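[1] Output the structure for:
(4 chains, ligands or ions: 2)
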Amino acid sequence: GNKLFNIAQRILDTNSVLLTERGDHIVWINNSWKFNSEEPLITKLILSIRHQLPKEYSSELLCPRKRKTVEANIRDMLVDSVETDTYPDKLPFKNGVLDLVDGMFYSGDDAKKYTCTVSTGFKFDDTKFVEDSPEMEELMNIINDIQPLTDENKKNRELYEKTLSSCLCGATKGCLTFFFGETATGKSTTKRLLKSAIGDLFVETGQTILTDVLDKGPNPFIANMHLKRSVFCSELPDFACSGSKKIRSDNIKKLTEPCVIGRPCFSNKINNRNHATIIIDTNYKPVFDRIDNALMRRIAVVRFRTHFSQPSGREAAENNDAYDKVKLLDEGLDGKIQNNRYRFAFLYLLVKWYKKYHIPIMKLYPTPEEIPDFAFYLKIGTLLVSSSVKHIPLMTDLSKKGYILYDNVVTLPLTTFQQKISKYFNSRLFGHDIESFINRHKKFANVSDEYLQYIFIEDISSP
Amino acid sequence: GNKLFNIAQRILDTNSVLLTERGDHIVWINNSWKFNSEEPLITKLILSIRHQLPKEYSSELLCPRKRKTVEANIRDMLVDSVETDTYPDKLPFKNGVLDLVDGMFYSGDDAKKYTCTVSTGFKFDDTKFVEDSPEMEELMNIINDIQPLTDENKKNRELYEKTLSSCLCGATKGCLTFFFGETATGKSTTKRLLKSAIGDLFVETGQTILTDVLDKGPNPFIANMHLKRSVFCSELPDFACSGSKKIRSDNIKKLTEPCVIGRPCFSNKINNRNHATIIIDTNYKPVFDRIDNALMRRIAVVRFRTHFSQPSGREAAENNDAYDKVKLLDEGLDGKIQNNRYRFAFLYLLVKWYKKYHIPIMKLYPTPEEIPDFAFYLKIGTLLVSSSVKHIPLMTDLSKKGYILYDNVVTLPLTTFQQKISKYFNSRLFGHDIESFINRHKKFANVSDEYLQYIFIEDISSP
Amino acid sequence: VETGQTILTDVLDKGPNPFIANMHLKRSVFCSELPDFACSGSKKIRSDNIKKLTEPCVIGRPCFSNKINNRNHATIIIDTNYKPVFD
Amino acid sequence: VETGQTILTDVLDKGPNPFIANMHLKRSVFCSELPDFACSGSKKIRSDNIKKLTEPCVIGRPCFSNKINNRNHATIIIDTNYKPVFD
Ligand SMILES: Nc1ncnc2c1ncn2[C@@H]1O[C@H](COP(=O)(O)OP(=O)(O)O)[C@@H](O)[C@H]1O
Ligand SMILES: Nc1ncnc2c1ncn2[C@@H]1O[C@H](COP(=O)(O)OP(=O)(O)O)[C@@H](O)[C@H]1O
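    Numbers count the residues shown, from 1 in each chain, chains lettered A, B, ... in the order given. Ligands and ions are numbered 1, 2, ... in the order given. Please find the structure below.
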């Protein structure tokens, strides 16, 4: 017999309480997978589900000392763990799961299949998910004001759209995106609109994750990056002045792996799932201590070219090279965006961009040509070519040019190599970088006589 | 006769609960030895096992207040510990144990004998664990693409196969492996294949273990690498600039030991079993604190020399000396690898490699000749020969050489030592190494003190 | 028992130090992998800890325990490839 | 009770000092082999600590504690072959 065990068995049959691989119980309440560790929810589930049981059982789940017994049975009857958050194309709302690829919306049991334990936190209203509305027109005008639809701004606008649209996709992204531009360009407006659109899947964390060591001790500023689909960090401490701690390349290389290592306070979990699109907002170019191909492989940049200025400075805004258009600053827009007026309009816009840009595999791409630092490392790769075995037959021509040969290796004097390199690049402008490049790749050929087995591309091509 | 005690005795007689020296209470549920200090599993085992007990006892174990009583009895009945996880040639799966020496898969009672307290975490499908299948063909193609089967890459591929196959052995591996290579070469793909093949016997950890104090204080980055068979700390902090903490040699020595000291905080434990083979996916050659002969024995390296360039940058990579081959990137390969596709094919390949490379004893061997940072103390070994008694019979030759005969030894002045060091290597590039060697190996000879009683290797070999 | 080298390179009392607590009433304490002090850049072994280890009783407690004294019956052996240094 | 020179150089109260709490009701405290300040580098005998050790009360709280008031009865003796130096 034991009525309470029968009730526990039925509640297990409905398949509502589950055990995760992080050792925590997720319950299914109000058409959403709720999850908590300091306020256990199993008694809430028992009291909520008491309606579906027969009449002889529902009158017994009213005493707390019996809901706790049913809880004990349930906890002792769960042995096998399950894996959660395995679908990367479903957006979970506080009352269901919107399917991005098909466009349909599921609620109730239909949404139970997809174990999504991080929801936006606000209900999905199907009367606002419409293309035609005054809010949609106002939002479209605002977006066209922030990023104009001109001819010279096509690529930058497309990259902006792709970056904003990736905030819906629940996979791991392979770039970091920098929003760059002068003051009053609309970057924080995009931040606030995006937050109002995707709710609790948006987290703002300090700059410490980009400068401090990830592991160290406790570091909740990265332990809160667990499963959130957008991490947006602002106010880069411009490094033009001295005393500014530069950005570390290994931090960039560590914020791209599908799992970052960092733990909260009073916790041992040191593995966080990294679904987040990381967007860093800055008005000044960033500085990297070490630059290589790996760092150039994980940087993207979006530039803002519009100033919303009050008339008292409009003339001052009309005489600057850092903009391309000046508009009237709106005093009441911050209050309107704060009130979540453009929430579902922007969610619809985001879903349309997601459908457009999601060619069977959507991948964030890097743009190293727009960062001033990487120009030096790109031009050198486009100017100097390393000699190899295929150039052995033309060794006489290389010797006639001014090079020397030793042990089937082409080499030139260090001072001669420096003069040849400085023939097309500024020695004083990038002295430290040039010295680092020369020393790092220096490989002696003969006894001492340090040299580098690389020659100018134009010199090699020209006989 | 106090029925609950009879039930406790009956459950204890089957040897399903055991006490380990650390104080853990491992329980045998669902063909696996689970243990969890958070939610004790003894009540779970009682409820699971009530089926086998007689009809009178079975109905008594439906009330939590009685399962707690039986658990108390069982806890008070276990007075003797037991040694766990002793057999190092067995691979524990979530539904049994695979005998790596033979190949048979044991489940149920036959797999109970081995007190393997860790598991991969997934079932073993004998249908997929097969030699021929499309997944096997694609996986073999990928592996041959990462490390080519060419004759020049013979030793490298052999070491690569051995380093990966040592992830199945349950012994205490005696070396460290460095996955070193340029960007976009295949290190992360191999890490993900290994992570999806070995399962939960694989953990990622930060760089604190290799750069900071192992003991210090509470360090969960060492408590989690207990009984793990593969630890994959990665992303070394770009030691090219030499502006960051170097990996302390003491850490390297303490890591390659049968026990590693960590986690002095709570949940009693101070020592952890170092079953793991540590692989550090680097990007530049490592920089150490103090180079010694002991640290020359506990370090290896595997070099990846095949690029996976985008079609736009195929030409640029085709002219780089850091790549011995250039191929075209596959966009959806990572999606398939992370989707647990090549999970059993790679386990089969690893088992085959394990059988191939396992002589009567398998041992990892270092390759210190690869690391440039270890060259100088190696070069000194080939450039300096200590005084030998049998070399005394060269009086005329010693007089012709110019050495000073003092205390039945050949000594030279400090200026002569500096001249010999300059003639042995570049002064600027090896001044620190020469000074450190002179300071460490200084003896009592020549004028006053600070004299090295070691002749040049060529001079010592010569009469 | 084998414990890390925090015994020689830090204040004995400090906070909770289970490393010294597990040495309670032991006989053979091996500590290995001592850094080379010839090259600057490593904290040296303090003479205070060396003097304290020779006392009959040593101070230090485990975590979630009120027992703060531990008898020093042990022989401490440090395995090092380089000569040690002291303050 | 026998204590080291830890109180003769560092701040008397400062942080959690075991000897600060151990001076509670102990009738005698002895320090031996003082860290001679004659050679350059060694800290001078802390005049603040010597001045603060004379009062009939002891202020000090160890780790995981709140009581800071101790009755002082100990006679303090220092033994060494070097003349003390106080800045
Ligand atoms: N569409 C718009 N029309 C008019 N003013 C706008 C518009 N979008 C933004 N603004 C103005 O810019 C502000 C938001 O951008 P702001 O935070 O000033 O940018 P930044 O953070 O880059 O300095 C708004 O509060 C308003 O003052
Ligand atoms: N055999 C292969 N064929 C094609 N692309 C591959 C192959 N192996 C890996 N790749 C791709 O190469 C890219 C970079 O590989 P990865 O190992 O992550 O580089 P890194 O070693 O620099 O971390 C990814 O797109 C990955 O899917």
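[2] what's the burial count for the closest residue to residue A:52 other than its chain neighbours?
    Spatially, and ignoring its direct neighbours in sequence, residue A:52 is nearest to residue A:14 (7.1 Å; CB to CB, 6 or more residues apart in numbering or on different chains). Where C-beta positions appear, they are placed from N, C-alpha and C, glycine not excepted. When counting by other CB atoms under 10 Å in any protein chain shown, one arrives at 14 neighbours for residue A:14.
[3] Tell me the first helix or strand C-terminal of the host helix or strand of residue A:434.
    Element membership for residue A:434, per DSSP states H and E: helix A:431-440. Counting by DSSP H and E, the element after helix A:431-440 in chain order, helix or strand, is strand A:454-456.
[4] who touches that next one?
    A:383-387, A:398, A:401, A:403, A:410, A:412, A:420, A:423-424, A:441 (CB atoms under 8 Å, 6 or more residues apart in numbering or on different chains).
[5] Between those, which sits nearest chain C?
    For the contacts of strand A:454-456, the residue nearest chain C by CB to the nearest CB is residue A:441; the value is 27.7 Å.
[6] residues contacting that closest one?
    A:452, A:454.
[7] For the nearest residue to residue A:48 once chain neighbours are set aside, grab phi and psi.
    Excluding the flanking residues, the one nearest residue A:48 by CB to CB, 6+ apart is residue A:29, at 5.8 Å. Main-chain torsions, residue A:29, degrees, to the nearest 10: phi -120, psi 140.
[8] and what of residue A:11?
    Dihedral angles for residue A:11 - degrees, to the nearest 10 - are phi -60, psi -40.
[9] Kindly report the same for residue A:38.
    phi -100, psi -10.
[10] Just confirm residue A:235 contacts residue A:205, I think it does.
    No - the pair residue A:235 / residue A:205 is not scored as a contact, 11.7 Å apart, by CB atoms under 8 Å.
[11] on that earlier part again, distance between the helix holding residue A:434 and the chain's centre?
    The gap between where helix A:431-440 is centred and where its chain is centred comes out at 32 Å by CA atoms, centre = their mean, to the nearest Å.
[12] Flag every buried residue along it.
    For helix A:431-440, a neighbour-count test (16 or more other CB atoms under 10 Å in any protein chain shown) marks A:434, A:437 as buried.
[13] So what touches that helix?
    So helix A:431-440 is contacted by A:376-377, A:380, A:414, A:417-418, A:421-422, A:425, A:427, A:452, B:240-241 (CB under 8 Å, 6+ apart).
[14] how about a cut-off of 10 Å?
    Outside helix A:431-440, the residues that touch it by CB atoms under 10 Å, 6 or more residues apart in numbering or on different chains are A:290-292, A:373, A:376-377, A:380, A:384, A:414, A:417-418, A:421-422, A:425-428, A:430, A:450, A:452, B:240-241, B:284.
[15] dump the residue contacts of residue A:246.
    Counted by CB under 10 Å, 6+ apart, residue A:246 has contacts A:210-211, A:237, A:239, A:286-290, B:243.
[16] I'd like to know which of those residues are buried.
    Buried among the contacts of residue A:246 (16+ other CB under 10 Å): A:210, A:239, A:286, A:288-290.
[17] Which ones, among these, also lie beside chain B?
    A:288-290 (CB under 10 Å from any CB of the partner chain).
[18] Any idea what the residue at minimal distance from the centre of chain A is bridged to?
    Nearest to the geometric centre of chain A sits residue A:277, at 1.7 Å (CA atoms, centre = their mean). Residue A:277 has these beta-bridge partners by DSSP bridges: residue A:230.
[19] How about the residues of the stretch 301-450 of chain A by ligand 1?
    A:308, A:327, A:329-330, A:333-334 (CB under 6 Å from any ligand atom).
[20] now those in CSV, with neighbour count and secondary structure?
    Shown next, in CSV, are those (neighbours: other CB atoms under 10 Å in any protein chain shown; DSSP: H, G, I helix; E, B strand; the rest coil):
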residue, neighbour count, secondary structure
A:308, 18, strand
A:327, 15, strand
A:329, 14, coil
A:330, 12, coil
A:333, 16, helix
A:334, 12, helix
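[21] out of the residues you listed, who's nearest chain D?
    For these, the nearest to chain D is residue A:334 (48.3 Å; CB to the nearest CB).
[22] Relative to chain D, how far out is the nearest residue to that closest one once chain neighbours are set aside?
    Among residues not flanking residue A:334 along the chain, residue A:192 sits closest, at 7.7 Å (CB to CB, 6+ apart). Separation of residue A:192 from chain D (CB to the nearest CB, to the nearest Å): 46 Å.
[23] Quick check: the gap between residue A:192 and residue D:27.
    Noted for residue A:192: a distance of 70 Å to residue D:27, by CB to CB, to the nearest Å.
[24] So which of residue A:235 and residue A:205 has more stuff around it?
    Here residue A:235 and residue A:205 are compared on neighbour count by other CB under 10 Å; more neighbours surround residue A:205, at 20 against 11.
[25] so who does the more buried one touch?
    A:220-225, A:228, A:231-234, A:276, A:278 are the contacts of residue A:205 under CB under 10 Å, 6+ apart.
[26] From these, keep the buried residues only.
    A:221-225, A:228, A:231-234, A:276, A:278.
[27] Indicate the residue of chain A located nearest to chain D.
    Closest point on chain A to chain D, by CB to the nearest CB, is residue A:266, at 16.5 Å.
[28] So that residue, which state does it fall into?
    Per DSSP: H, G, I helix; E, B strand; the rest coil, the secondary structure class of residue A:266 is coil.
[29] which helix in chain A runs the most residues?
    Criterion DSSP state H: the longest helix present in chain A is helix A:343-357.
[30] and the angle from the next helix or strand after it to helix A:431-440?
    On the C-terminal side of helix A:343-357, the closest following helix or strand by DSSP H and E is helix A:372-381. Interaxial angle, helix A:372-381 versus helix A:431-440 (axes from the mean of the first three to the mean of the last three CA atoms, to 10 degrees): 40 degrees.
[31] Check which helices and strands helix A:372-381 sits against.
    Under the contact criterion of 3 or more CB pairs under 10 Å, 6 or more residues apart in numbering or on different chains; DSSP states H and E, helix A:372-381 touches helix A:293-296, helix A:431-440.
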